[PDB]
Structure formats: C-alpha cells, structure tokens
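The structure under discussion appears below in the form of structure tokens.
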Amino acid sequence: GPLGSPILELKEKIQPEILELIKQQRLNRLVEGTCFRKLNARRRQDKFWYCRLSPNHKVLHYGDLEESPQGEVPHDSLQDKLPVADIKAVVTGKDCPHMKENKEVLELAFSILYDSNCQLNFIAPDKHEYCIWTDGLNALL
Amino acid sequence: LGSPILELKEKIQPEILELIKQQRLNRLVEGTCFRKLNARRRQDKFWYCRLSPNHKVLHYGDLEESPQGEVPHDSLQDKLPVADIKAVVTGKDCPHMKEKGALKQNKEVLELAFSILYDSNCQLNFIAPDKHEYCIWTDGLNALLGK
Amino acid sequence: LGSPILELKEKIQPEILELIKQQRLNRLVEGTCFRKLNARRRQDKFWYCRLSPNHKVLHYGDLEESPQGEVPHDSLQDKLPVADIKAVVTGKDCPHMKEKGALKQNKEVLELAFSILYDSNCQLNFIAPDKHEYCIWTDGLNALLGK
Amino acid sequence: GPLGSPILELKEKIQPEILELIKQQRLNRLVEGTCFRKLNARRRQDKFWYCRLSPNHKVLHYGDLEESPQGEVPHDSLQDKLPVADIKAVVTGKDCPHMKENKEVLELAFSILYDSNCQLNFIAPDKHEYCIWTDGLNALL
C-alpha cells in the first residue's frame, strides 16, 4: 500500500539483481586469476607468471612464480600492478602488437594497452583461460 | 571453436532478459476487464483489452459483464496495431482526467489512469480497476515500446 | 583448484533461487492492510500485517484507517513468531468461512480467504482485499514454510 | 481475470524456466563435446579421440580422430555409441578403476560405468573439460 505493486519487481528488482550477479561472477573469475607459462624462460625449470584482479576490483596484480600454484595466489605478493583506471583498451588476435607477423596462437593472444604506449601482452594457455580474460576485461571496462 | 565460459554473458544473460520481457508482455496477452467510460444508460458497462498472442495487436471490445472465462482475441470487435502507438500518458496528463463537465472523473482514480495515444488525434483511455492492473498495463506497455 | 564452468550450477543457479525466494518473502515485509473481521460498532475496521525484516515474526495490529504511509513493524501491537505456525488453510477450510450465524461471510469472498493455524487451537483469519494480495500472502507463506 | 495473479509467475514461471535453461546449457556443453588425446598412441603422429552427446540428449558418441578438430564433429561419424539409459554411474578420482595405484591426474580422471561391469575411462585435458563432463553428466543423470 497505497501505491506500487510487486508486479513491477520482475523488471525493477529481479532483472537488475540478476545482471549484477552475473557481472560480479565475470569479475570474480579474474580475482581468482590465471597462471601463465613463461614461454621464453630458458631457465633449467619451468617458470610461471600469474595475473589476477584485486578483491576490490580496482588493480591488476601480476608477477613471476617459481612454480605452478595449487591454490590461491595472494595478490599483494606479486611483483607488479596496474590500476584498472589506467587501462585504455583490450585488443585481440592479429591486432596485438606481439602478433604482427599461426591460426591457433592468434586465437589465444590478447593485450592490455595502458598509459603512454605500453602493452601487457598475453598468450592464454587454453581457450577457457582466454575467454576468462577477455570476458572479464569486457565486464571490467 | 569458443569456450563455454562465455555462455554466462552471451547465452544465459540474454535468455534471462528475454524470459522476463516475454512474461511482461504475456501479462497483456491475458488482458484485463475495464470499466467502460462515458457509458450511457443501457450500454455495456465493461470492455476487455488483450494483446494478440504474437504481440502485434491490441484487441478490445465492450462486454455486458465482467467475464468468468477467457475472452478470445478474435471475439473482440476492435484492433489497435501496436506499431500505430505514439505514446503512453498517465494520471493528470490523460485527456479523460482533464474533463471539465459532467464527464469528469473522481480525483481518487487519478493514480489509476493511463491512456495510449495513437494516430496523432486518438486515445484509448483507461482507468485501471486497481494498482496491480495499473502496473500490469504500464509495465507491459513499457516492454512493448521502450522498456 | 576448480573451474569457472561450475558456477552456472553451483553459484548462479542457487543465487537466482535465493533472490526469487527473498523477493517472495520481502512482499510480506511490506505487508498488507486487511479489513477487520467481527468488528463491532465503533471498533477499528482495519488491521495491518507485515513480516519482520529478518523474516522471523509476523507483526500485526488494528488500524483506524487504511494507512497512507508505512506502518513500522514496532508500532504493531501483536507478534506471531513464524516458528509457531502449524499450517495455512484456504477457502472453505478456513474457520471464518464455516460461520453459521450472524458472523457468516458472503460466499463471494471464498476465493479471498486464508488462515494461518498456530499453537494447535488458534487462527489468524484473513480475507484478502483482492486476488493479488491473496497471492502475495499465499505465495509468501509458501516461501516462509514449505514453498 | 477472474482468478490467479501474475504475482505468482516469479515462482511458477520464471523460476522453472531459468532452471530449465541452465539445465539445457549444462547438456549443450556435452553436445558440443571434447577432443581427448590418445595418451598411449605410439603412432608417428598424435592421435585423438572425441566424445560428445547426441542432439536429442539420449546417446553418447565417441571414437578416434586422425587430427584435432577445428570445428564441429558430426556425432554419427564417430565409431562408437552408448545409450545414456545404459549408464549406471559416474565415478571420479581415486574411485576410477584406471586410477588404482599422482595428485594432478586424479583431479582429471572420471569413468562412466555401464552395462555389466564395463567402464569408459577418461583423463580430461584440463580442469575446464573435466568440469564440463562431470557437471554435464550430473545434469544428464
């Protein structure tokens, strides 16, 4: 009473809540993160590099790992960081600066462009990890 | 080619918005019995309005009483093609809420009033029987038009 | 450890059912003004019933008129702890729909009647003002109890 | 009119439709399928083996591939088939008959038990494919 009707709550409440929870889940995939292999390591062992979103969603954290992790990678421990605010664009495939030259690698390549003319270049280990980053970056941006 | 990780954004999310949208519209397909406005002595005092199953036309027609069963789309005299709708207005902005003489409405019914403007001179004027039917129509018409 | 492919079943699906559930319950938190039953000459002719924000207690109390603003939970005389509810009955199975004398209800209101049975002798008896409020209460009580 | 209210459609319509579409999506992941490497091939090349659900959801189809596919694998072309009706159980990890003996492989192992005491044993290529099969089999069963 005496105005308004729960008939409205499908559009006014249920719909935005569902969009929000799907948004949050696209972002939480990034918070969890991905371990990438250091492809040009020429160390005796395999070397790894981790990238993940901070818990408040405002900062990318990334850095070298001595081993592939079997659990959570604390973000503050990683060497490097990138304010999400400082991201200009995400580019994909042939558009990536490290891809100017191979059909399968192009499907896995993405780059984050930031600042002056800086770029954080990736080659995802598989198409699921690739989709996690590109979809999560779309949500973020 | 292309991971199932994408189907939250690309499949589940639009299919959920489509379900919600279709439900808002199907509430008008069911339709509503309205009190007839400017009804003379001895004329039918009700009329029914419902959206066609394909969501393309509003069917409507007078009724002698509030119906106990379903009123099929085809049995209603009149059609208003949805494409012909200019706008929906509510409350004080409805022509039937601007009557000055014997046709004036009680102000008590202001929160219940809406009109569909079509064809740059015409209205379908409504007074909802209640606030829930009001919301069915205004929310349903939002879905049919903008959102 | 453990893929994001699982979060359709394990995260999105339960969070959607929880949203829907919480909405059905929050419709009772808003509550409804009911017509007072067996009201004597000069007694308050309305009463309000609403669920506590934590969904644990039904608050209710008499009102002199149908309220224009919100009726806060705390201002209502009486509490019925949800845990104390045995059952919900409807229509012909409501005690107030079995009255034989001066307290009998018009049969027209049968589809609007429901009662909450509590404490193995007591009822809160309701006649919903309309079919939409009826559904708010019956659907809301289903969510509070079974589903 | 004159009975019922759209207030009911959250519980009676929206809720089951959403469960159904999520069900359908867990099953469609299987319809698309997964290419598995033939780990004990000792052919000159890599050999592959595909497994997928039929479009009507009633039959598993699987068989050897000469190459990793870059597209849709028609199900009728695959050598073998398994009525879903004939599936007794899905077992996981240490419970798998091919796992009686290695923490990372156990996380990827699953077996479909069918018929007499038959078993179709798998080692998923990655944790995403593993989850696609186990979640999809749960939906199916």
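Numbers and lists here come from the model and the stated rules, or from a named source; none is laboratory data. Quick reminder, even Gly has a Cβ in these numbers, built from the backbone with ideal geometry, and neighbours come from all protein chains shown.
Conditions (1) within 30 Å of C:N26 (Cβ to Cβ); (2) surrounded by 17 or more Cβ atoms within 10 Å (Cβ to Cβ); (3) of a type in the set (D, E, K, R), marked per residue:
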| position | (1), (2), (3) |
| --- | --- |
| D:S5 | yes, yes, no |
| D:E9 | yes, yes, yes |
| D:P16 | yes, no, no |
| D:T34 | no, yes, no |
| D:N40 | no, no, no |
| D:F48 | no, yes, no |
| D:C51 | no, yes, no |
| D:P55 | no, no, no |
| D:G63 | no, no, no |
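Check the stretch D:120-130 and report whether any residue there is under 26 Å from A:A124 (Cβ atoms), within 14 Å of chain C (Cβ to nearest Cβ), acidic (D, E) and surrounded by fewer than 16 Cβ atoms within 10 Å (Cβ to Cβ).
No, the stretch D:120-130 contains no residue that is under 26 Å from A:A124 (Cβ atoms), within 14 Å of chain C (Cβ to nearest Cβ), acidic (D, E) and surrounded by fewer than 16 Cβ atoms within 10 Å (Cβ to Cβ).
List the pairs whose first member sits in the stretch D:38-67 and is within 18 Å of D:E129 (Cα to Cα), whose second member is small (G, A, S) and surrounded by fewer than 11 Cβ atoms within 10 Å (Cβ to Cβ), and whose Cβ atoms are under 9 Å apart, counting only residues at least 6 apart or on separate chains? If the second residue must be small (G, A, S) and surrounded by fewer than 11 Cβ atoms within 10 Å (Cβ to Cβ), the pairs left are D:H61/D:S77; D:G63/D:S77. Looking only at residues in the stretch C:13-72 that are part of a helix (DSSP H, G or I) and β-branched (V, I, T), which one is surrounded by the most Cβ atoms within 10 Å (Cβ to Cβ)? Filtering the stretch C:13-72 for residues that are part of a helix (DSSP H, G or I) and β-branched (V, I, T), the one surrounded by the most Cβ atoms within 10 Å (Cβ to Cβ) comes out as C:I16.
On the given criteria, is A:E107 in contact with a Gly (Cβ under 8 Å, 6 or more places away or on another chain), within 26 Å of B:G2 (Cα to Cα) and acidic (D, E)? Judged against the criteria, A:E107 is a match. Residues that are outside the structural domain of B:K21 (by CATH), closer than 24 Å to B:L17 by Cα and among the aromatic types (F, W, Y) occur in the stretch B:130-144; there is at least one.
Scanning the stretch A:5-20 for residues that are at the interface with chain B (Cβ under 7 Å from one of its Cβ atoms) and out of contact with any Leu (no Cβ under 9 Å at 6 or more places or on another chain) yields A:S5, A:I7, A:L8, A:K11. Note on the stretch C:2-16: residues that are more than 7 Å from chain D (Cβ to nearest Cβ) and of a type in the set (A, V, I, L, M, F, W, C) total 1. Can you spot a residue in the stretch B:112-130 that is away from chain A (no Cβ under 14 Å), acidic (D, E) and assigned to a helix (DSSP H, G or I)? No: the stretch B:112-130 contains no residue that is away from chain A (no Cβ under 14 Å), acidic (D, E) and assigned to a helix (DSSP H, G or I).
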